Every structure is written in structure tokens, then in C-alpha cells.
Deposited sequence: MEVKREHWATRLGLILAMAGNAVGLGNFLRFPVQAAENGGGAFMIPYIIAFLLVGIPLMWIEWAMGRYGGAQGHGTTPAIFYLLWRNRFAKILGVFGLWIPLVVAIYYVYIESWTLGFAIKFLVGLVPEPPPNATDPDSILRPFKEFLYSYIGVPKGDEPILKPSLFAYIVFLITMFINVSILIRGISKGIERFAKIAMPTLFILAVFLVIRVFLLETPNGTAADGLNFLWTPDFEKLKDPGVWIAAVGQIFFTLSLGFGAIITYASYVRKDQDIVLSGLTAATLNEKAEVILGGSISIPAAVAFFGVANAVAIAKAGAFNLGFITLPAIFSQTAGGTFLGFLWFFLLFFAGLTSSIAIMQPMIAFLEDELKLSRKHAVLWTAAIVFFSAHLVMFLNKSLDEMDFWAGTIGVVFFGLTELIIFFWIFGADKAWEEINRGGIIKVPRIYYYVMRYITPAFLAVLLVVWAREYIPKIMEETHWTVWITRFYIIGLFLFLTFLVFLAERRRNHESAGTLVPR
């Protein structure tokens, strides 16, 4: 019938690995530092309670429900919940979003492997022996030469040969896990990766906590991040950033939680399991991810400079600043290795999660073998990634449409289909069925009224005071990426159409 997670621990760690990734260690620090630190945290915590938790339960429920009938992806699941052809089309986003995100996420993940390798072997810049630019410049040049940032006017990137080869290796590693399946692949790997990730992260926090310079200490960083600023609570931008981060960090709206949950046995609890996966992610994000790069940057440069660093380049903090700071300490190159190794495992456990939806669709709906499903998915991602590797800003365009606005739109869509169309009481029943614990009574009202209203308002503000600038103030090359990803949606819709026909073909054979 269908693969199933072998153990409860395996399920929890696989789901935790799905969630805990580059978003916790790279994205969170930038969003927080960029939005006033503590001022960002209030909306963040509220978004977690009003959006993160409820949507997590909903996605687990939708996945388990679909899995019981042999379906793990939204084109089919949405249809099961709402037998309307439009359900299948909306469901395509559950394949498109994770695919598009994988197309750039796996490449960023590959940079962490490449950096881990170079730092391990000591092929790193030799900063000069205390002028900040003289210290940071060598590391900025290191990153820029790796990914091939434009030195001229052309919006073209020229990745180093090493970077390209490392992306290939990274794709191979993802495949090596996925090709073994759910219990012998993803689950087995999670039991090894998560413990390693936790240990590495705790160690790094401890080392960072020992940092002190004439400019400050790690403590100043924590105070910056954990001191409330009730005067920003009225800024939509902060709310948009906070909600966006919650979706991204919890893997919500990517169809990934849903697919993983489709392997949970029909009787199995999802209330406690889902809540645990969610809380584990938040601890890894605010306690671990929040305690590494920000405190380190603030300790060495002070708050004002740390904040300016993050705003200047989203990848500055994790790929340039932290390694530069580490280089000023004994054994700093090895500490850099540990940081990038941590990022790699965090990324790896998440990228396999966003490639599994396409794999599940090809297996469940087009009946391909796991081997063929995994290889074709890898081929599509590998090929498509060339756009992200060679066209400047393609990555940002994909991250916006699929990884930012896309997931919020899809989150609202799945909630409406499950809690409104399918039926609020049928949905509530499905969520709580088999639960080790019941979902708190108040959450019924949050899921049915609060969450959808919250997201609806957010999306309207996004499309009215932000999306116009992205459509009018960007370089013309953004249309190359938009064109390509719209094509991917077209192709995936064609596959759903073919799945429909095979099912009809197959039914007229069941007759």
C-alpha cells in the first residue's frame, strides 16, 4: 500500500529535520536584525501562536488523511477534500512551490558543503594581522569568487568550478537519501543528522558566548534580540516579515509537511507529534539560531554595525561576517568548518523534504518506481538550478514568488479548503482523531476565523503596498525567471492532467 514511518522517534526527528534548516540559522537572524531585534520577536511569537501552530496541525491532518487513501500531494488531496476540478489546479501549487524552492535552496545548501570543505582543509582567506574592512573584505571576496558575483554591468554570475562540482555532489547526496525511501532513507538519516545538528549548534553557541571585544560581548547581542519594542508593533512590514519567517521556518505552505504526514499511519497521533516538531523547530530557531550569528556580530562590531551588515546583504552574516569573526580566534578556521557543517546538515534534512512532494506525486499518481521518481525529480531540480547559478537575482525572484508570497497564499488556500469547504467540524474531527492529546478548544475558533482573517489582511497589504515595487522597480532579467517558473507550473499542471487520464484509463479497466 504505502510506506510508513517505522518509529515515533524517527517520525519526530524527520519532521524536525524538515523544519530545522537554513531558515533557523541564516534567515531568522537576518529578519530579526533587519526588523529591530526584540521589536520583531513580539509579532513573531504571535504569528507562531495564531498561524504556525494551527497550520502545522492542519497540514499534518491533511497529509495523514490523504495518505490513508494512497495520496501524499495536494493535487489529489485537495480534490479528496473538495471534489471540484479547480481543487486539482490549486493543488498544483503543492508541487510547484516545493520544486521552485528546492531549485535555489539546494544550491545555497551546496555552498555550505563547499565552504565546509574549504574551511576543513584550510583553503581560506588570510585576513590581515584590526580594521573591520581589512578583516571582512577577504571573506567577502571569498564568497563572491565562489558564487561568481558580477564584477561588471551584466547581470551574469560565474560560479567557480569548485562550486559547480560541489552542487553536483550535493545533488548526489540528496538522491542517496531519497532513493532509499521513507523509513530506510529519510527517517534513518534524521536519526543521525538531528543529534549531530543539535550538538554542533550547542557547541557553537557556547563558543560564541565566550566572545568579548572592546566593542561588546555576546550578551549585548542577546539583549538586542530579546528586548521588547512595543513601538514597532504597529508596522505592517514587521508583521509581514514575521509571518513570512514563521511559514518558511516551519515548512508551512510548501506541501512538504503534508507529504511527510501522508506516511503516518491512519490511527497515529498527529496532535502531539505536530506540536513537538513545531516546538523543536522554534527552540532551534530562537535559542540556537538566534544565539549564534547576532551575538557574535554584535560582540565584535556593536549593534548598529551588526544591523547595518544584515541589511546590506542577506548572506553577509552567515557566509562572510561569522567566518571573519571566527578567524580572529584560535582554532577559528575549524570553528568555521563546524558552522558550515552544521548549516549543511540543517540544509540537507530540509532539502530532501521539499523534493519528496514531487517524488510522492510521481509515485502515487503516475505510478513511477521510487528510483525513477527520485531520479527524474533530481534531474528537474539540477537542470533548473542552472538559472539560479548563472542569472543574478534569479534566486531572489524564486524565493519571493514561491518561498514568500506563494507559501502564505497556499497556507490560506489549504485552510479554506480544509476548514471551510471540507467542513470545519469534519476537519476538527480529523485533526483530533487518534491524538495522544486533544487540540485546545480555543484553537477551533482560531483556525476557522482568526487565522484566515489574519492571512487575508496580510496578503492584501502585501499586494497593495509592496508587490507593485517588485513589479515596477526590478531589472528586466527578473522576467526570465518569472517566465521559467510559470512554465514549470504549466508543466506540472500537464502532469496532473495526465494523472487524471491514467486514473480514468485505469478505472475503465477496473470495470
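Several segments of the deposited sequence are absent from the coordinates, namely 1 to 3, 133 to 134, 517 to 519.
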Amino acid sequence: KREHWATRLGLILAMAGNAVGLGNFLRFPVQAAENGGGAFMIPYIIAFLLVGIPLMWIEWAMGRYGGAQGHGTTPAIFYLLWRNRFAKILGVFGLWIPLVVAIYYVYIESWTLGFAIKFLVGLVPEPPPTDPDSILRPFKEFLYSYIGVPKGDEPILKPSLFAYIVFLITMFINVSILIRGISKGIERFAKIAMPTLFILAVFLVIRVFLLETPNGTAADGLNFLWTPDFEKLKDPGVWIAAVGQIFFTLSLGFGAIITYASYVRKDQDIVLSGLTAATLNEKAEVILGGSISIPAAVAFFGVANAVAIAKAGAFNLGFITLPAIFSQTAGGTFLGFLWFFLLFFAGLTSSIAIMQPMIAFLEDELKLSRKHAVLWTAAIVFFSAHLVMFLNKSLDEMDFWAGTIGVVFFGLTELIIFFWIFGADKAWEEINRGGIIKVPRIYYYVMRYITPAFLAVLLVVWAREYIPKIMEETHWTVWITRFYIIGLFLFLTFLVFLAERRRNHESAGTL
From here on, numbers count along this sequence of modelled residues.
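For clarity, a rigid core is taken as the largest C-alpha set superposing within 1.5 Å between two forms.
Between stretches 231 to 239 and 362 to 370, greater average Cα displacement in 7 other deposited structures of this protein relative to the shown form, fitted by the core, falls on 231 to 239. Once the rigid core is used to overlay the structures in 7 other deposited structures of this protein, the stretch among 209 to 217 and 269 to 277 whose CA atoms lie farther from this form is 209 to 217. When the other compared entries with both flanking residues are checked, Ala47 is modelled in all of them, not unmodelled in a third. The records show that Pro129 is omitted from the coordinate set of at least a third of the other eligible entries of this protein. The PDB entry reports B-factors from which the mean C-alpha value can be compared for 362 to 370 and 378 to 386; the larger average falls on 362 to 370. Higher mean CA temperature factor, per the PDB entry, when comparing 68 to 76 with 94 to 102: 68 to 76. The PDB entry assigns the greatest CA B-factor among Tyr164, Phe86, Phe345, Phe315 to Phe86.
Take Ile450, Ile486, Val30, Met56 and read off each C-alpha B-factor from the entry; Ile450 has the highest. Residue-level temperature factors show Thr259 in the lowest third of its chain, judged at the C-alpha atom. Per the PDB record, residue ranking by Cα B-factor puts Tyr466 in the highest third of the chain.
In the PDB entry, a CA B factor belonging to the highest third of its chain's modelled residues is recorded for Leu81. In the PDB entry, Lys118 places in the lowest third of its chain by CA B-factor. Among all modelled residues in this chain, the alpha-carbon of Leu178 has a temperature factor (C-alpha) in the lowest third.
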